[PDB]
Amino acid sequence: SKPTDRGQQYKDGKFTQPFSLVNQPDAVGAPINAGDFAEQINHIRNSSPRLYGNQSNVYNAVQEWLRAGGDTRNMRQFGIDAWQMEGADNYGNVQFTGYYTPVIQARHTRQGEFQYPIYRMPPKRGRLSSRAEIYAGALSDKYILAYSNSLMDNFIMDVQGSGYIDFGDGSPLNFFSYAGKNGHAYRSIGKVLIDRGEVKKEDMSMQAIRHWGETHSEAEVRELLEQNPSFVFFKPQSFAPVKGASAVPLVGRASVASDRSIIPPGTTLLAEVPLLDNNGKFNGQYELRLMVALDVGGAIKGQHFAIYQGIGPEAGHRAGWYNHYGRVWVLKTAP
């Protein structure tokens, strides 16, 4: 009928088209991240001048509006048009998921909870070993780059093809990028979990898999992870700020991944974002934020948005592990 369990609301009427112009967005107050927004825009300015030139007109109007007070009731003064998105149910409830840059805690020697090795490219003979055999010690220790404290975290890193490591000694954050793969074709761990009815298809994502790994034992996670005989190898790489497909450095909660054919890179968004409690559940509150589409995702389609939460543990907690809903207005300036 009309569920509200995940942030849904139904006080903006029913929509008959993807985007609908509104006199004033149904959102009281002003955006709370004016500073991050400005910073995000500065990154587009320097990192993607082409994209900036094509959108500066909108960015400028928004900035002018923000400096003048930023209240949503005064947007028209600056020629800013608000096109509300119908969302997933045509009631304006836009599907939100989150993602962030994990910082894996690892050490140079296996100690305490640090028992899970991350490897660099071994010789051809070594690459024939399956994930299960490698977990069993098939590979020499000379090929270990570090020992993380999470088996599932390593796997998520394998899927990404790279990741950041903190050795916890005050040295610079370490980055490792894709070096190669082992000789076994990979299998979808997400599929396995859906089959075992452990996770709903609609809520499946890397975050969902990460959550499952935090709510299950090491034995259970290893049993699951071996279902995928494939394995990834890395190599040291110089540090580079996290960027989206658009090649622009991403600012936490001021940028999202979107479907290019629906929300082109550079598009400005005003959004009522749902907040989550410690159990990743909608706590009944929303934050008004400005964000820019600067990334894409294999499973981010339609009017679905993945909010980049940032880097580290706090960003992770805000990410969540299943869908939630808020309202979003595309900001533009009538020519």
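The first residue of the shown sequence is 1; numbering continues from there.
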| query | finding |
| --- | --- |
| Which of 60-68 and 24-32 has higher mean CA B factor, as the PDB entry lists it | 24-32 |
| Higher-B stretch (mean Cα B-factor, as the entry records it), 106-114 or 78-86 | 106-114 |
| Top Cα B factor in the deposited entry, candidates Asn42, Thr268, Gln285, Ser48 | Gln285 |
| Residue of maximum C-alpha B factor among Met152, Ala245, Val251, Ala136, per deposited coordinates | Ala136 |
| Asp158, C-alpha B-factor rank within chain (lowest, middle or highest third) | middle |
| Lowest, middle or highest third - CA B-factor, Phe239 | highest |
| Relative C-alpha B-factor of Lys14, binned into the chain's lowest, middle or highest third | highest |
| Chain thirds of CA B-factor: placement of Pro264 | lowest |
| Third of the chain's Cα B-factor distribution that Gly98 belongs to, per the entry | lowest |
